[PDB]
Amino acid sequence: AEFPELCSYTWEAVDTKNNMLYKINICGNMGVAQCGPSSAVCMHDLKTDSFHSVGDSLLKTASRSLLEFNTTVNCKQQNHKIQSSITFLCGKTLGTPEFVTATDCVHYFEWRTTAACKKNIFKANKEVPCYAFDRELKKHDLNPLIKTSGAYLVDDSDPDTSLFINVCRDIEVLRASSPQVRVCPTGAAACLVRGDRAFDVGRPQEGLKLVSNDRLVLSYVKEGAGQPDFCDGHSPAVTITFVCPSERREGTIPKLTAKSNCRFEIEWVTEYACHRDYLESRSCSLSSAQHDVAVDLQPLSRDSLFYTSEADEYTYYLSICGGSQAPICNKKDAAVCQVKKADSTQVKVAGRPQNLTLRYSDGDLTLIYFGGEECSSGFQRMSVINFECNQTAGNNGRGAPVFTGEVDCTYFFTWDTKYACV
Amino acid sequence: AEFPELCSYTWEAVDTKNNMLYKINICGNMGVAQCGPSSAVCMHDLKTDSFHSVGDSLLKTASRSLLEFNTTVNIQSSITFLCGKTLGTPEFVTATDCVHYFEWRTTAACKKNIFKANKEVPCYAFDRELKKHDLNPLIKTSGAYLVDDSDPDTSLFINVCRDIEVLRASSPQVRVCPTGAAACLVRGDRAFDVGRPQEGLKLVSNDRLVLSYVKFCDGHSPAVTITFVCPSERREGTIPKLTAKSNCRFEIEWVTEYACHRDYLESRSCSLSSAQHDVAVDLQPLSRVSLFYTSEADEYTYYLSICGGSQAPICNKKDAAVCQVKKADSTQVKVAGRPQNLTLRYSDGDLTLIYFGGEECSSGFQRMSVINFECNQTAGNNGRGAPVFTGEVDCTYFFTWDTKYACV
Ligand SMILES: O=P(O)(O)OC[C@H]1O[C@H](O)[C@@H](O)[C@@H](O)[C@@H]1O
Ligand SMILES: O=P(O)(O)OC[C@H]1O[C@H](O)[C@@H](O)[C@@H](O)[C@@H]1O
Ligand SMILES: *[C@@H]1O[C@H](CO)[C@@H](O)[C@H](O)[C@H]1NC(C)=O
């Protein structure tokens, strides 16, 4: 199959400027009758409450990073039939098909996903859709929480048991630092370690479900034989409910609210359950109105016109928010530029200024730049600036970025500044 | 401090044109009464038969890639170091009116220690005619040579002028050898160190060189003595032969054209002559093909324009005889050899075209390419054939090229 792991589900996308909600299924077997058996992309006009298929699975044209779906229906313009186009970019999670734009004749989408990576190293054993659109077509996206490595420890307050869980995907046990996680059965999404016994009590199956128009639920299942003796004829199950706080607050730890008959119920209060637009901006500022917090990083773009974070093998030049770049990078458009220390000529864009995301969630302020140059795996380089509040920092308050490490073409920095004070 | 592995010896360089022979001691302890106790670069005017220091070890200046030696004579020496895969030898470049310039490609000048041999000695010697006999080309950085014997129970392994790198050795048996050994004997799966590198290469006969190594021996200390001899006539390469094994005292004779004088083997152009090399060769005709050849690799594509040929369009911002291009990034371009750094060599039956002076890799090693030409009368393109990339080893790119123009 083409990007097989994506074919197991019917993915949703949306156009808010036009109140349209798209149903996407790369393999067409989405079964939405009102859209045709082989519809790969089914558009649902909300106002006229109708279903119009704009892409048929049997009329597919595929390339490395591009999927085109033609139809038989012709557009208003003669010799033109309706179609859908999806650009695939390598990602670190299964991600989501992002609506980019449509025209009378063609509907365009972009999809950063593990499925579209050359080096299949970025694939999880099993990952399910990790987001949901609400009644007002707003996206509640939990992708930022999915760990490509490690897991989270749930607070059960037990002394005899430990419980780890990953989000929308299996915990990567194979190469995990913590030797406590390495004992978990491969493919487990929820891992119960009781008295050095490590049991698998949940694997991802269905996608993220919006339940109360607000809350989100993810259910791991462990049906079948081999049920641990202490479950007493019951099959293990983990049900995580994510709730969006009425007001901003420090991130918390997913809490265990019930654990009888190996039927674990977990509650995770995280602002990642709130609509994306509440947590993010495409500029260097956030407001109380939209974000419930006001931040303006613009002043960090005022001794050269660029910040330079030194590294063992490379030099990172971070011109933030329109700030200008270092002369050694004034040859390419980039926000985070990487130069090889043993080769003043090997330069790499690890973040484009047009691809920026200012996010604030659970107490952490992050500035992300992406769409960087591709790494052999396919992943376009990306840089994440972890902002911390510090009223008293060098540079009349401002500060400077500190390259704190790279992880498979994603570069991490820390930036203590007063402008990061909520 | 400052290339310590070059200080245990006195190196020589010649300016054959002016009949000058240079003595070089990076540590000013050569022992030459005529040049003085502090001389680092002693020049012996073979014409007037006199000595003149042109580099005082105390009047030194140094940086990663440059050694400068001043004097108090109304004069100085300059040595440019470049990362190499063998200890190498300092080559004389030129000499202005007051400066004597040299170039030394050596493992001692690399940014990473992974290139440095555990123990290596000078592997060359000048003769009475100031002609160089250099064995550097035979030095192995990975593995060793199997010595021809009789005993079906033992295998004699030797390397040239240095220890046998046993870690990534191409042979499994070699891997069993005791690190540090330059001569390794394997029997009943028991490897023994039978000889390590001590002094440099010695010139004993016009036509011969000897390298001595020291360490069932019956109290007798193991020793290996190798004799490299330049044959009267060109011939297919021959494995080194064990001519004597007496109580851990081995003697090996190796007939090899590398033991001959260097200009008999090489040319800084695309042709070799009967009169100078005993082989008439001219690869020039390959320069005209897309006047450039292309060789596919998994992650890269190599474009080759040899012997004054034209280079590919994607390599116009440089000067590369061989140019590498990353497939997943059409803009990542690396020079793997320059047209001005060409060396055509013929020895022990193999013709080799080497292009070097390429862009340095993080190790400090300038990328270079070596084409192993093979004779083939019927070769494609009216016999012009086409190169075939074969493999890379720490920034040295290897190609094979079957062509008629390679038949002697
Ligand atoms: O695509 P590759 O061959 O895996 O190289 C990836 C590497 O490329 C350059 O060296 C830099 O950008 C590194 O930070 C990056 O990790
Ligand atoms: O200098 P480095 O960082 O060791 O990289 C060395 C490598 O550079 C490029 O990717 C190519 O030229 C490779 O063939 C080479 O081996
Ligand atoms: C990244 O920059 C490009 C520039 O062409 C822009 O088209 C794109 O929208 C940006 N990334 C996204 C999809 O936000």
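One is the number of the first residue shown, and numbering goes on along the chain from there.
The header says X-ray crystallography, 2.2 Å.
Using the three backbone atoms N, Cα and C, a Cβ is placed for every residue, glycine included.
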Disulphide partner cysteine [Swiss-Prot] for B:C361, chosen from B:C375, B:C395: B:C395
Candidate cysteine (B:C7, B:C83, B:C98) that Swiss-Prot pairs with B:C27 in a disulfide: B:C7
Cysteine of B:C230, B:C307, B:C315 paired with B:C270 via disulfide, per Swiss-Prot: B:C307
Cross-link partner of B:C248 (disulfide, per Swiss-Prot) out of B:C217, B:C230, B:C260: B:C217
Flanking Cα pair B:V289 / B:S290, between which 4 residues have no modelled coordinates, distance in Å: 6
Cα-to-Cα gap, B:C217 (disulfide bond) vs B:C184 (disulfide bond), nearest whole Å: 14
B:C315 (disulfide bond) versus disulfide-bonded residues B:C230, B:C260, B:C375, B:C395 - nearest by Cα: B:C395
Disulfide-bonded residues whose CB lies under 6 angstroms from ligand 2, from B:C27, B:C35, B:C83, B:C260, B:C315, B:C395: B:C395
Cβ atoms near B:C27 (disulfide bond) (within 10 Å, other residues, all chains): 16
Around the Cβ of B:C395 (disulfide bond), the count of other Cβ atoms that are within 10 Å: 22
Cα-nearest neighbour of B:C177 (disulfide bond) within the listed disulfide-bonded residues, B:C260, B:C323, B:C395: B:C395
Anchor-to-anchor distance, in angstrom and between Cα atoms, for B:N74 and B:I75 with 7 residues unmodelled between: 6
Nonlocal neighbours by CB distance (under 8 Å) for B:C35 (disulfide bond), same chain, sequence gap 6 or more: B:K23, B:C42, B:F51, B:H52, B:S53
